[PDB]
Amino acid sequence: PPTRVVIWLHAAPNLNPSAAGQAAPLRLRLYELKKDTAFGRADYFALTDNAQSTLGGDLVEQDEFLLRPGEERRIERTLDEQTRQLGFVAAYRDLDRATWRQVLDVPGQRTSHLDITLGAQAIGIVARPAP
């Protein structure tokens, strides 16, 4: 069986607020990874503008989404057979205060369901059980 992932993305009402607290859109990048050590050590600009150079062979695919406050999406992927982790980078306005990066080891040849919340200042991931 393929490694199957379903992700429900929930962009909060208070998504990525301005300096005034007005909610604003958030760019999110999803990375399929063979290894995640470099990913977790890399600077933001290196991951966003130079990912292939920065990650080399570790990087299988990169996907980009622009989410709006209150938005809901469902995405489903089969992860490449070499792909062991999913990485996430969110372009929060103030990266100092934000949990703007997450990594997740995904068991191979099994089904994983995830609820991923994009909050005012953090990516939150929660396992979603079957069915």
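Numbers for residues come from their place in the sequence shown, where the first is 1.
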note = Entry B factor averaged over C-alpha atoms, 77 to 85 against 30 to 38: higher for 77 to 85
ask   = For the C-alpha atoms alone, is the average B factor greater in 86 to 94 or in 50 to 58, going by the entry?
value = 50 to 58
query = Out of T117, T111, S18, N14, which residue has the highest Cα temperature factor in the PDB record?
reply = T111
message = Using the temperature factors of the C-alpha atoms in this entry, rank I125 within its chain: lowest, middle or highest third.
response = lowest
task = Compare the C-alpha B factor of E64 with those of the other modelled residues in its chain, then answer lowest, middle or highest third.
result = middle
query = Among the modelled residues of its chain, does the C-alpha B-factor of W100 lie in the lowest, middle or highest third?
reply = lowest
